[PDB]
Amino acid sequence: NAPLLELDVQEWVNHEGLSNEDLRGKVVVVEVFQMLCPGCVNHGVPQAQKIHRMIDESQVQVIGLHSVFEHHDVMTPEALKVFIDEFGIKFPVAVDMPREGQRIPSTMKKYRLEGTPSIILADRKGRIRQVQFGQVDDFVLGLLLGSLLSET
């Protein structure tokens, strides 16, 4: 049933890139955001920061994926890099592979996200278990992560 997680990334902006084999054996949280989205800035990113800070990469890896689908000329990777420091993000952030002639970048298209913020949760076996659009409750998110972490 469930598809494997395969990110299509133009570049990793603050970290060494991650292979799939790197992420296998860990639960993965991909936070998909645009830098200029209030839902992403006020809620989703800070929620990801919290996770990264609390749990170690042995167990869970947080990946930021900047998937810009509108206003491309102002949301450049240069802009992103500033946004990242300015907001103090320390987890790995990747720019979604853009597509020629297309507003929607590749990962976002492939997994058919409704928009940003979205989160993608993958299991230790590298396979996608949840995709959620919008604001996610801290409690609900904890239950979801915990569930993934402990199942055999």
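Residue positions are given as counts along the sequence shown, with the first one as 1.
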(message) Per the record, averaged over C-alpha atoms, which has the higher B-factor: 42 to 50 or 26 to 34?
(response) 42 to 50
(message) Mean Cα B factor from the PDB record: higher for 93 to 101, or higher for 65 to 73?
(response) 65 to 73
(request) Comparing against every modelled residue in the chain, figure out the third that the C-alpha B-factor of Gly126 lands in (lowest, middle or highest). (result) highest
(request) Could you tell me which third, lowest, middle or highest, the C-alpha B-factor of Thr152 occupies within its chain? (result) highest
(request) Select lowest, middle or highest to describe the third in which the CA B-factor of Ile84 falls within its chain in this entry. (result) highest
(request) Please rank the C-alpha B-factors of the chain's modelled residues and tell me whether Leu144 sits in the lowest, middle or highest third. (result) middle
(request) Looking at the entry's B-factor column for C-alpha atoms only, identify whether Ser58 ranks in the lowest, middle or highest third of its chain. (result) highest
